[PDB]
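One-based numbering, in listed order, for ligands and for the atoms of each. All values below come from the heavy atoms of this structure, side chains included, with hydrogens, waters and symmetry mates left out. Just so we're on the same page: letters track the sequence lines, and every chain starts at 1.
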Amino acid sequence: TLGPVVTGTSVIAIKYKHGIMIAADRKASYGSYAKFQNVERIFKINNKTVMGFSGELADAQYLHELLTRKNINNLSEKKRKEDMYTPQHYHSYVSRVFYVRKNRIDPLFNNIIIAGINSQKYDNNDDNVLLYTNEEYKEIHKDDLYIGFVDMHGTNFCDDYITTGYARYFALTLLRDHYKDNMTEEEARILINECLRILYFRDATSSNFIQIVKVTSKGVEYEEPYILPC
Amino acid sequence: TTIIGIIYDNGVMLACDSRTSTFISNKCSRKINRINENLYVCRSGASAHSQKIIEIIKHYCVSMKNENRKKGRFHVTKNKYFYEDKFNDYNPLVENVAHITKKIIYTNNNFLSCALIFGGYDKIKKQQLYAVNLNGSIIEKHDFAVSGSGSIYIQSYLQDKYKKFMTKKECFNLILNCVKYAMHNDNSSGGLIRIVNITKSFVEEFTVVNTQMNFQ
Amino acid sequence: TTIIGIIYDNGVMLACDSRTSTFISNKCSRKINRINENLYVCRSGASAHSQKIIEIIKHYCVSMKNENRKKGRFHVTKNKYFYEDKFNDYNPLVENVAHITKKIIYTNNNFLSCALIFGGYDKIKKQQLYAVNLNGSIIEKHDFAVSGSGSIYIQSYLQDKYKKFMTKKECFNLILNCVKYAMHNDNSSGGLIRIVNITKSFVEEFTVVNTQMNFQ
Amino acid sequence: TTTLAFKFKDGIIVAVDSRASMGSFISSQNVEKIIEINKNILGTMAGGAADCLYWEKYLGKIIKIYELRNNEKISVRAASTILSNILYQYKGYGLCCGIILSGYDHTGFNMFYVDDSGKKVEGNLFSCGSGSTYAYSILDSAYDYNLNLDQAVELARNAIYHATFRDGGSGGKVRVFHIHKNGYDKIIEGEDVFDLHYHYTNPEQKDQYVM
Amino acid sequence: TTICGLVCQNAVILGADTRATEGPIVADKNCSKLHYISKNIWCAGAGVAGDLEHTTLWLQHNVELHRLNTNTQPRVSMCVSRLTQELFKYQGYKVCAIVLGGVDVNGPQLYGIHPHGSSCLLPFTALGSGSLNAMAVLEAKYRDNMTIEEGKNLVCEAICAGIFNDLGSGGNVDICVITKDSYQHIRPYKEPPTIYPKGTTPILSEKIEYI
Amino acid sequence: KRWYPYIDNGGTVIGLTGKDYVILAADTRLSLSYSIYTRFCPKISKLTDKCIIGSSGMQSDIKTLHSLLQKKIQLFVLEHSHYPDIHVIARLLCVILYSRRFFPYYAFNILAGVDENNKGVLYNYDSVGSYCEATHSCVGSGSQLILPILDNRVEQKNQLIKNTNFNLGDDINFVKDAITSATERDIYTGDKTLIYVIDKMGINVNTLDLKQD
Amino acid sequence: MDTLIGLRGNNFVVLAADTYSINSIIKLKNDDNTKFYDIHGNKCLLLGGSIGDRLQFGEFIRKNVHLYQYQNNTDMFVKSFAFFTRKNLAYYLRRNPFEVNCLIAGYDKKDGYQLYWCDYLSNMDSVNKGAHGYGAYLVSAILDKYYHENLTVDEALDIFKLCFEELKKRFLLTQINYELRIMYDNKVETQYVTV
Amino acid sequence: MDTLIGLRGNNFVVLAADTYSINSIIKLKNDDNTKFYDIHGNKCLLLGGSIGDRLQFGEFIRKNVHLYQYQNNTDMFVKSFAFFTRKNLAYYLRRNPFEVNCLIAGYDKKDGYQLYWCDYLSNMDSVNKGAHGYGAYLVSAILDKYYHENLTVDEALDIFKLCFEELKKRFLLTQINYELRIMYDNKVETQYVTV
Amino acid sequence: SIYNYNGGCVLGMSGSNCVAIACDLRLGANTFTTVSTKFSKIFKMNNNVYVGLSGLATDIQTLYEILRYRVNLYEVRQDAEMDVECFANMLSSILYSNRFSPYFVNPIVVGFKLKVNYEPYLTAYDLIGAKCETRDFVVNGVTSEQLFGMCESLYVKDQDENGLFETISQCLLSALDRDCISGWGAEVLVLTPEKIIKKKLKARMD
Ligand SMILES: O=C(NCc1nc(-c2ccc(C(F)(F)F)cc2)cs1)[C@H]1CCCN(C(=O)CO[C@H]2CCCNC2)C1
């Protein structure tokens, strides 16, 4: 990949009391042309791990295929729920992939978020895994939650909230001002919607048509996509 | 940017988006500029270049209007203005202003990259649309003109829906839908839609908030 | 070049122009290529690159079809062909062929500059459109896909006229008018219009001579 | 950088400054620019410090293997040939080395200049680095084969001083080693050249010296 | 640099940080970026240090000349026209991104002027390296009709966001509240060693001259 | 346009030797151009109980290099049954850095430690593997600011009246003053600094908040 | 390629230069006379660089200083001469530069014997010793080593002999023939030294 | 910059070269010995160009011709030696070229005294006289003028003296020191000529 | 790279009822050859106005000549000494008049503003006259980073003349010891309202 052609815009992931909330608009732009407006940019890796991307769609799809087969091979060797790979394992794997491709000067034109739940001590969802078919949410400590960033050069880290693309300026300012630990689902949703509203007004490559995904004790849940209210 | 002009039975409607500049520096802009009470122009291309062209041509139009005066005595939110010059005694012709703009653009077409759509009314040729292209060529359009990045996405659509003698209502609907579709498809165009309807005796400027709904 | 695909009730139509290359090297070309009896693909971009991609993917499709066979016994000018594989027992899935094409394009996306639209029918997902973009990204379109230089000129027009459950007749009219408008506006597209209608049990291939008439 | 070496009546004198810089910034002034290749061979550094250090230690490894296999001390000529061939094999990859290899072997005292371009030149007097021309001028003005050890050491110190005085790339401390038939001695382990200016050219120190 | 401006009821509020950088190095920790153009017009600059200072001085004194000749209160649109014509006179060079805020008979007017000579009347804007950080806070919190104190608070929040998120922004918060009657320039609005022995430095000479 | 494979993530690492101790203080800011990725990304990695490495440059290269050196040290311990001292690790780091001579790690490194004889030791490294021992060093964005300060305090070359008697506490406070000055004058240095002290009892870590602007 | 050398003591100034005229790969002359420009009133401008630029700038400065001295009927001071030369060289620097290197020597009663070093960028300063050309790299340290304030003129000429011998021995261009201007005791003397 | 000269008569061949080793602007040696490569059996390869390439190609060709002669226990013919040298130089021309200019001299009973001129592009031919380097431009015509087939070796050395004097007088690099190989009467002789 | 040809650096510092300026004395050539060790970069405009010009030596001399011309004309016309702030604004205007063909110089201005009260005045410039006034210290030249670090670490507010001299001298010398293309002597001027102390430091010659 010489450069970006079909590009996805920002992704915003945050920790809240029941888990991870990760958001991205469903738009992929062909330069200034808003060619595709119902694209999925948050991918499920496993029941406690999701991946989001900003940048080139082809590279992101290639990475998604890699992580899909990694999860399947992990599932084949599994005997207990602790053998499932964690989000930090996938973050390290993606960081290594980006690092090697940087070394050979064949980068994936992407910024990647790998988010999820590190701990197996909250549910038995991995005891009997279903890949082809889908009580209250449990409060999860932030130490057991994981959000990790990777860029083109392989610069990799983790934090309580992560932003990619234009969200690194617009959303991240409001996040650093207003984020607090142990937010409810409603507060996290309101904060994310405010960030996406600012991005919709100021990022030309964004759209108001949002996809929200939640990683909680009951696994990965894809919310129905919605237009930004007001 | 999307800028559109359409001649209908009793006037000419111009329309534009409001978005300026991946980062949106401004979302409430004025791409339609009032040169004279009977003459407006839509901009596309480099912003400073086009804006200084607007100032120069306003100066030219004011000079022409002052010189045109003969001696003696003779004879959805809208904002409406009636022409002070009721009989078009001294308002400059739309062709004259469009052609001096073409001359200025062509003389400086080494670096100027600006495409303009003049719309207006005078008593000689009634309502007119002129398109001044990038290198300083002028073409009079008798049905419609379109320019900017977004306009391409609506070309066939406008060509499908234009009628020779549209009323005010259906021309307004057509031009609004055209700018809405162009904004939906083009990232570089967005924000509130400004429309200017120019007629025999008045000009009315509309502002429109917009949303694209489809279940295609 | 203009290439279009539209999904309608129990079918998928594809359509293309015939012009090749200011000088027209060829005015009767085949941009729609038969990969399998239930699967066609439209090309746009570099010609040799796309054609060799078609040859490679025909080889892959033949290999997949031979491997898909189970052991034992079971159970305006048009040209119509009925599927030999009536029950879709061993014809490759459209997703599989589109995805291996995406893999080959992405692996060689340094130099390959080709955008494809796969259209076809299988028993699992019924009729499908897939768009393989320039860098080797694949997006399944459930309403329509468009690509090539001319398609931009009709982007709003198709978006205005598409309906969720069009009949064969109105989808045929829509896709024909879309390619006609694209040819009218785009110099790089012209000539006779080729259309391929893919259904549950057969494929029709239409050839159309065309002319754009308007008093706009 | 300034390095020099010259042959004289009682063996070889080698001398160096100790400055290392990154463009205009002085990165260090404690650099050791003379490497013990073996007990009888010394090697200088000029140009790329990484390449000089790595390949001189690599040459030391090769020489250790050779001497252990053959039970015999290698000659300066053979070590210089090995280094020149190694550096020539990386021609075009941007290696930057200017090295003076000087020592004593069974054929007497020998001295070779070798650089990254495969050069290999036998002589009795060499200087390398950005201040090499100044040291050459001072040495050629004052060099005599029959200098005593003190005279030769003082001459090397003076040449390094004048090179550091004129050259912005050279400075820090002057080191002067003496190779003889039974190893080498660090006659001047390290001497700050700040004092050498107020010894040689401005001993009275009542005013700024005017060049 | 982070600079911002907004329009509140019968007033404009400009704000800026107080960091000037020589590339990675902070060259001035308390630089003043809000510039006087007239009693009822102020501006801030986010471009080539020199061009902004000299353009602001030129605009200020030419506006004073126009006021003296015509006797009328200066207009913001006149400053916009003069600035844009001067900037377009040079083909994109003499880069000056300006936020120009004033109050005249037409009301409070805030303009963003680009280095190529394009102006834009705005209700609020921000400029500089930390422009996007400020615009996040402004777009989140701005409303059409606000008191002067609320506008001051929002300006302070925007400039603090730029200070804490943009590496090219830092220091104190400057603000200027411009009204028709007067202006209030609050420079310190918000603020988010060894002694050597005498004679330790060696000297060669000293000379005492009495004034 | 060809993609440039190097980026400077910024921040400073200061090192200062004692007689029988060594101090290594590194800021934790991680930045890209004029934006901040995160305010906490440690630059210092433990290698043994008496040796650490800090680095400044590209964070991906720094992380990979530190993990590589750790893996090779564990391999050394398993194979040769003794922990390598700082000089062995120093030659190992030189060889590792020179093995990528024509596509180097985008990192300048300081290896700090206490050797077998209880001497503070500090090696500094450029990208390609040239290295040398020092009594004080600095790498990263703030290095040109801090190296004159360390020269003035430690060596006192241009001072006739010399106070050459330093202890651990004064060295700690001086390193704090140095990283504070770097934070004041360097945009890329700030937020927080981790200060490692190595002495006879081993490694001890302490934190100091710095300006966040 | 044009080696220039200058040495100033309390009771003299001495300038020296190679006497080669170069045209591509051939020495047109071994007795070039386009480098020294003697001005009336104990003044000398020794120029390096391109021969055409040397001729144009040297004659320009000479004809300007002579015009000054005849118009005013006085001898221009050496400091005024040197700074006038630098000012004119810097005036043309941003408009058709003279690619010439300069040593400016003279004697005044106001300031004694004077030497000024000035490069093609018009960066000038007064010096006790100086050099220009690639050969400067091989002579400057010699001038640094053997110079002292109370040199006699013969000792200075011995230092110049050391410089010429080093230029023969070590410099790539084996420069053999040299011309020398000796200003001392209110007389200007020309000498020619081979090897 | 490395001047090489060669002259072949009926009863001799003579090669000559300046004995200078250059490193940027400084002559490392005035008695360089990295140009001549004497091969066993009345053969000489005189190389020009960069010193490292000279050493590598020279040493290479020498050890390749010695291996041949020891493996086969015969002296390689001069024609075979020259064409082997050209073939190896041309082999590396499109893969890491040796930027070296060659004169290849020798004696055979089969073909008498032989001289071959060969450039860095491996363009080779037998010649009675030849030259390499910039100094070739100043010596070749002299070799054209005073040469005749029945020259004695002393007359050839007088011609080389004329060439050396012209290289001193006119060439920009005043080359003073020269080494000469004289092959005649079944003996190979070394001479050193200053000026 | 144009500033690397000659090198050079200038510094200024303020104390209580006293101010100081300082500079290195090298004139280099082609970034590595030292050709003079008395090239002072400090110039007196008047008793309360001094300017330190670092950068290309030809532009240093040209700008000093222009400034001397302008100051002498101003003072003879007005029959009074030029105010230091007036001089600083004039220097800004002169540097900006050559915006597209600038003198490659990075000046500082050091002096006393008169109000009789003598307030210290320090300001630093870029090549096109963008000036920043400071209360503590000013730096320009290729050694700017080292000088910034030294002054940030060692500056003490409201020092007397001796303490100011020691602090500015130590800052300059420590900064110069880490720079290849500057040094070879150091001039230090200390102005007080009654007198000036000019000193030459025993500096390194590397
Ligand atoms: O000299 C500095 N410190 C002390 C150091 N001495 C050395 C060193 C010195 C001498 C030798 C040898 F010859 F004796 F072998 C070997 C190594 C390396 S470090 C800093 C001066 C400013 C530049 N600098 C930076 O770190 C800037 O940041 C880099 C990080 C990554 C790449 N981009 C910018 C280093």
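- Taking the six-membered ring for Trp, F:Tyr4 and F:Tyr6 have ring centres closer than 6.0 Å.
- By the side chain to side chain donor-acceptor pair (under 3.5 Å) test, F:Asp126 pairs with F:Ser130, sequence neighbours left out.
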List below, pair by pair, the N or O atoms of ligand 1 and of the protein that are less than 3.5 Å apart, including the distance to 0.1 Å; reply 'none' if no pair qualifies.
| unit_1 | atom_1 | unit_2 | atom_2 | d |
| --- | --- | --- | --- | --- |
| ligand 1 | 1 (O) | D:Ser27 | OG | 2.6 |
| ligand 1 | 3 (N) | F:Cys138 | O | 2.8 |
| ligand 1 | 6 (N) | D:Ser27 | OG | 2.8 |
| ligand 1 | 6 (N) | F:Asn124 | ND2 | 3.2 |
| ligand 1 | 26 (O) | F:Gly140 | N | 3.0 |

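- With values rounded to the nearest 0.5 angstrom, D:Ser127 atom OG is found 12.0 Å from D:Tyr134 atom OH.
- A distance of 9.0 Å separates CG in I:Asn30 from CG in I:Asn6, rounded to the nearest 0.5 Å.
- Distance check, rounded to the nearest 0.5 Å: OG of F:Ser60 to CG of A:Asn103 gives 8.0 Å.
- Rounded to the nearest 0.5 angstrom, F:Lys43 NZ and F:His66 NE2 are separated by 9.0 Å.
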